[PDB]
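Subsequent text provides structure tokens for two forms of one protein chain, presented individually as structure 1 and structure 2.
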Structure 1
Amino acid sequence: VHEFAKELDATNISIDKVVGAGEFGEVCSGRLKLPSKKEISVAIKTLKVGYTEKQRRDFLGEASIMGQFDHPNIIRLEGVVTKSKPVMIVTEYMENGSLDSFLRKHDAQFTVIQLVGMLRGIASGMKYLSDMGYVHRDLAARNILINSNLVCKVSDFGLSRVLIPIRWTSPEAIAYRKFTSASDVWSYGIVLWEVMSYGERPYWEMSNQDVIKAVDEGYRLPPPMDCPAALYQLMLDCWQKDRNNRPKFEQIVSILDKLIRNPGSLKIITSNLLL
């Protein structure tokens, strides 16, 4: 764990408030004093009192993964506290919380260019993650955090592994656990839909067996209200049945960089599911 995560001194951490509930314990906000004396706001996950040794290994396991990434669009690991209790994982603070809950509060309140900026960040983070040989497997708006400047960053590495949420998972990964960077691109397509839908749930409350069967039959989520044609086409490209025909994350970033540069192109606007 200490290979990729520095041990922090608990005397340098102050806890301010509880801002979330985790699988392994609470999530809090607070402050960290760095060796340079600079003080930064941080998020702190704590391991619940009375944890089993297995829970501890799973909890810290996420930090070992997160710690291998240094990128503007992947949540920064400040470090861990293991030598005292409670055991903690400390990351950079993200003022606006999870992306899905954030967008739900602001339905139709952002410009297309702002939403594209968010999507570009996510795609750039995923490009780095895939470059490093990791498949996330849980890429979803709820696992993206967003800061005061609207910068989006991939978080939650609980399911990730070196090379399951049905609604976000590619058909081949559902069918026989074929997880690749192309299955993450499928997931990214779902995130793209979530963003353009301001946090609508993918497939709403459809039974899981019907999400599985419908997608396998060729059905896809419909265009969100007022969705630019270019962005809906990108979803469809991400959702190709043949994984080899899906764009790579580098191509997705490049697509989005073009849309940011030419805000004009976004002016062409596009059963519940579409075949």
Structure 2
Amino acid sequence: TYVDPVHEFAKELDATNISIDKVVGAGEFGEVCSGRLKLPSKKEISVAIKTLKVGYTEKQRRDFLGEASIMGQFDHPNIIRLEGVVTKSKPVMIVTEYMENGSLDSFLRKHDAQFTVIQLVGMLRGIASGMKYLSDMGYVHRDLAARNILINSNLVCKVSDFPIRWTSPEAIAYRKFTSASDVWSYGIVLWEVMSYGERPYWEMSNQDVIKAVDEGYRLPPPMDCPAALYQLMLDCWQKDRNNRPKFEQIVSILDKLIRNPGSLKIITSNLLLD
């Protein structure tokens, strides 16, 4: 079980063991960079590193470290790993799993139509497996989107970031956030992946995204989308949240498609009424 909140779930790292190799850019609370971490066993790994800005407020520090207090509760291959934090020296740091290929939406946009269907399904299965663990822990992510999935050098996808286009109708209507609203979001991620990082609902007015979805309109099948995967999207996007599949069921569906890749050969900016 997840517990809503730092040193209970995060290792205090010795800054001597951290080196910075490359500055990436600015983040919400400070700089973002990458580098290397020397583990207690002397193994050296690549890591992503985020710093808290100089002259931070106490609220900024709490909100920044709050990420680590959440991430550190999870230990799963498809959830970004927290290596630890530095708090006893400044700048304050959060050190996480290095992911060579960055955010999934931007990665896919660079590689439009360049992966096999089975490669894409493997990415999707990893995301679903991470979400099955989060939901098993009782954690509702609320921000599941391809931009919040990171992808490593071997194309393994992992949930990160601990949004009207990704939010279920009931969560928009009255803030009813449940694991079933994360399943809705997963359906949108499925569409994002099969579309190679197209923006869900493009740049439709937000009021129209809300109304169209309420009226029964759904994102159209991506080009060359397997029928099985478009059906899975529609299932994730059931109006009745109780009729959406559970994450365990999504993982099982994708595992069957991986085991029977022939099934993917059956193929299915305007919204379609469902």
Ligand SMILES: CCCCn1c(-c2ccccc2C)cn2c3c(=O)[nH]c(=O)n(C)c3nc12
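The term rigid core refers to the maximal set of C-alpha atoms that superpose within 1.5 Å between the two forms. By convention here, residues take numbers in order along the sequence of structure 1, the first being 1.
As for origin, structure 2 is the form solved without this ligand and structure 1 is not. Here the rigid core is superposed, and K258 then shows its C-alpha moved by 0.3 angstrom between structures 1 and 2.
Structural comparison between structures 1 and 2 after rigid-core fitting shows the C-alpha of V19 displaced 2.1 Å.
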